[PDB]
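protein.csv (CSV, C-alpha atoms) appears below.
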```csv
chain,number,residue,atom,x,y,z
A,1,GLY,CA,81.8,-150.3,10.5
A,2,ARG,CA,82.9,-146.7,9.9
A,3,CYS,CA,86.5,-145.9,10.5
A,4,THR,CA,88.2,-142.6,10.7
A,5,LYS,CA,91.1,-141.6,8.4
A,6,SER,CA,93.7,-141.6,11.1
A,7,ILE,CA,96.0,-144.0,13.0
A,8,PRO,CA,94.9,-145.5,15.2
A,9,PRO,CA,91.7,-145.7,13.2
A,10,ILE,CA,88.5,-145.2,15.1
A,11,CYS,CA,86.0,-147.8,14.0
A,12,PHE,CA,82.4,-147.6,14.9
A,13,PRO,CA,80.0,-150.5,15.7
A,14,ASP,CA,77.8,-149.6,12.8
A,15,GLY,CA,78.5,-148.0,9.5
A,16,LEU,CA,75.8,-146.3,7.4
A,17,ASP,CA,78.8,-144.7,5.7
A,18,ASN,CA,80.8,-147.4,4.1
A,19,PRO,CA,82.3,-146.0,0.8
A,20,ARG,CA,85.1,-148.5,0.7
A,21,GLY,CA,82.9,-151.5,0.7
A,22,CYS,CA,79.7,-150.3,-0.6
A,23,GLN,CA,77.5,-153.3,-1.3
A,24,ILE,CA,75.2,-152.8,-4.1
A,25,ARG,CA,73.2,-155.8,-5.3
A,26,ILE,CA,74.3,-156.6,-8.9
A,27,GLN,CA,70.9,-157.8,-9.7
A,28,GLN,CA,69.6,-154.3,-9.6
A,29,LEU,CA,72.3,-153.4,-12.1
A,30,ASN,CA,71.1,-156.0,-14.5
A,31,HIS,CA,69.3,-153.3,-16.3
A,32,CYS,CA,72.3,-151.0,-16.5
A,33,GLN,CA,74.4,-153.9,-17.5
A,34,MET,CA,72.0,-155.1,-20.2
A,35,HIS,CA,71.2,-151.6,-21.4
A,36,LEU,CA,74.9,-150.9,-21.9
A,37,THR,CA,76.0,-154.2,-23.3
A,38,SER,CA,73.1,-154.7,-25.5
A,39,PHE,CA,72.8,-152.8,-28.7
A,40,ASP,CA,69.1,-152.8,-28.7
A,41,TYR,CA,66.8,-153.0,-31.7
A,42,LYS,CA,64.7,-149.9,-31.5
A,43,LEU,CA,68.0,-148.0,-31.6
A,44,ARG,CA,67.8,-147.0,-35.2
A,45,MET,CA,69.0,-143.5,-34.9
A,46,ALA,CA,70.1,-143.5,-31.3
A,47,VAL,CA,71.0,-139.9,-30.9
A,48,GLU,CA,68.1,-138.0,-29.3
A,49,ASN,CA,64.9,-139.8,-28.6
A,50,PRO,CA,63.4,-139.5,-25.1
A,51,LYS,CA,62.4,-143.2,-24.9
A,52,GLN,CA,65.9,-144.3,-25.3
A,53,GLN,CA,66.8,-142.9,-21.9
A,54,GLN,CA,64.1,-144.9,-20.2
A,55,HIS,CA,66.8,-147.4,-19.2
A,56,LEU,CA,68.6,-144.6,-17.4
A,57,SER,CA,65.5,-143.4,-15.8
A,58,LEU,CA,65.2,-146.9,-14.4
A,59,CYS,CA,68.8,-147.5,-13.5
A,60,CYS,CA,69.4,-144.0,-12.0
A,61,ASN,CA,66.2,-144.5,-10.0
A,62,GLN,CA,67.3,-147.9,-8.8
A,63,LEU,CA,70.9,-146.9,-7.8
A,64,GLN,CA,69.6,-143.8,-6.1
A,65,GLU,CA,67.8,-145.9,-3.5
A,66,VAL,CA,71.2,-147.2,-2.5
A,67,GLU,CA,73.4,-145.1,-0.2
A,68,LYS,CA,74.4,-141.7,-1.5
A,69,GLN,CA,78.1,-142.6,-1.7
A,70,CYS,CA,77.4,-146.1,-3.0
A,71,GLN,CA,75.2,-144.8,-5.8
A,72,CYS,CA,78.3,-144.3,-7.9
A,73,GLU,CA,79.8,-147.4,-6.6
A,74,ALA,CA,76.8,-149.2,-8.1
A,75,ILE,CA,78.1,-148.0,-11.4
A,76,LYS,CA,81.4,-149.7,-11.0
A,77,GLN,CA,79.7,-152.9,-10.3
A,78,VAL,CA,77.9,-152.5,-13.6
A,79,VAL,CA,81.2,-152.2,-15.5
A,80,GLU,CA,82.8,-155.2,-13.8
A,81,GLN,CA,79.9,-157.5,-14.4
A,82,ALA,CA,79.2,-156.1,-17.9
A,83,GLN,CA,82.7,-156.6,-19.2
A,84,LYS,CA,82.9,-160.0,-17.8
A,85,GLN,CA,79.7,-161.2,-19.3
A,86,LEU,CA,80.5,-160.1,-22.7
A,87,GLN,CA,84.0,-161.5,-22.6
A,88,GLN,CA,82.8,-164.9,-21.3
A,89,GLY,CA,80.2,-164.9,-24.1
A,90,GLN,CA,82.2,-164.0,-27.2
A,91,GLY,CA,83.8,-160.5,-26.9
A,92,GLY,CA,81.8,-157.4,-27.7
A,93,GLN,CA,83.8,-155.3,-25.2
A,94,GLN,CA,85.3,-153.4,-28.2
A,95,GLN,CA,81.9,-152.6,-29.7
A,96,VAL,CA,80.1,-152.4,-26.4
A,97,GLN,CA,82.9,-150.0,-25.4
A,98,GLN,CA,81.0,-147.0,-26.8
A,99,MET,CA,78.0,-147.9,-24.6
A,100,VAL,CA,79.7,-149.0,-21.4
A,101,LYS,CA,81.7,-145.7,-21.4
A,102,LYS,CA,78.4,-144.0,-20.7
A,103,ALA,CA,78.5,-145.7,-17.3
A,104,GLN,CA,81.6,-143.6,-16.6
A,105,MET,CA,79.4,-140.6,-17.1
A,106,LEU,CA,76.5,-142.2,-15.1
A,107,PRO,CA,77.8,-140.7,-11.8
A,108,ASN,CA,77.8,-137.3,-13.6
A,109,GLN,CA,74.4,-137.8,-15.2
A,110,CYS,CA,72.6,-139.2,-12.1
A,111,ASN,CA,74.6,-136.6,-10.0
A,112,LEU,CA,76.4,-139.1,-7.9
A,113,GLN,CA,79.3,-138.4,-5.5
A,114,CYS,CA,81.8,-139.6,-8.1
A,115,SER,CA,83.0,-138.6,-11.5
A,116,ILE,CA,85.1,-140.9,-13.6
```

Written as structure tokens, that's how I'd like the structure from this file.
Amino acid sequence: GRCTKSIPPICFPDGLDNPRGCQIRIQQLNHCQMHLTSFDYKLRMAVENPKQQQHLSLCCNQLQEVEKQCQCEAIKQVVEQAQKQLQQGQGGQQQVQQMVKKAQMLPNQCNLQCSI
């Protein structure tokens, strides 16, 4: 539940506000994860083309249905699962780095209560 920032902490029987243990389902981040770890094919000149950002329109729209404080937490989840999946595969983290770093900007882009 919710707990106050004091000692003794006052913990509530329910907690809509839970920014310490925000639970975001990783399966909703499968898109963010894949869109960051995958250097997709239609990306020929991936600089400024509206259809490129479709993946963000989908991810930002999915994460925003999660709690306001957990929206940015969802992004952390992406990083953790994305780095692990590429590492367990073959590597990629070094090349994927330029894409996964966009996730750090994701809270900024989607205007989430976080900025990393």

Quiz item: Hey, what's within 10 Å of residue A:52 if we count all atoms listed in the file and toss same-chain stuff fewer than 3 positions away? As a list in words, please?
Solution: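 The neighbour list is residues 35, 40, 42, 43, 46, 47, 48, 49, 55, 56 and 57 of chain A.
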
Quiz item: Using all atoms listed in the file, which residue out of A:94, A:28, A:81, A:4 lies closest to residue A:65?
Solution: A:28

Practice problem: Would you please work out which residue, of A:75, A:64, A:6, A:23, is nearest to residue A:105 when using only C-alpha atoms? | Solution: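 Counting only C-alpha atoms, the residue closest to residue A:105 is A:75.
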
Practice problem: Name the residues in contact with residue A:61 at a cut-off of 12 Å, using only C-alpha atoms, excluding same-chain residues fewer than 5 positions from it; report them as JSON, numbers by chain. | Solution: {"A": [28, 29, 31, 32, 54, 55, 56, 66, 71, 74, 106, 109, 110, 111, 112]}

Quiz item: Can you tell me how far atom CA of residue A:92 sits from atom CA of residue A:37, in Å to one decimal?
Solution: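 The value is 8.0 Å.
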
Quiz prompt | Residue among A:11, A:26, A:116, A:96 lying closest to residue A:77, counting all atoms listed in the file | solution = A:26

Exercise. Record the distance separating atom CA of residue A:24 and atom CA of residue A:93, expressed in Å with one decimal.
Key: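 Computing it gives 22.9 Å between the two atoms.
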
Exercise. Work out how far atom CA of residue A:113 is from atom CA of residue A:13, in Å to one decimal.
Key: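 Distance reported for this atom pair: 24.4 Å.
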
Quiz item: Which is closest to residue A:104 among A:72, A:60, A:22, A:34, if we use all atoms listed in the file?
Solution: A:72

Quiz item: Which residues come within 8 Å of residue A:82, counting all atoms listed in the file, excluding same-chain residues fewer than 2 positions away, as number ranges by chain?
Solution: A: 33-34, 36-37, 78-80, 84-86, 100

Practice problem: Pick out the closest residue to residue A:62 from this set: A:18, A:38, A:98, A:27. Count only C-alpha atoms. | Solution: A:27

Exercise. May I ask which of the residues A:88, A:44, A:95, A:19 is the closest one to residue A:68, counting only C-alpha atoms?
Key: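 When distances to residue A:68 are compared using only C-alpha atoms, the smallest one comes from A:19.
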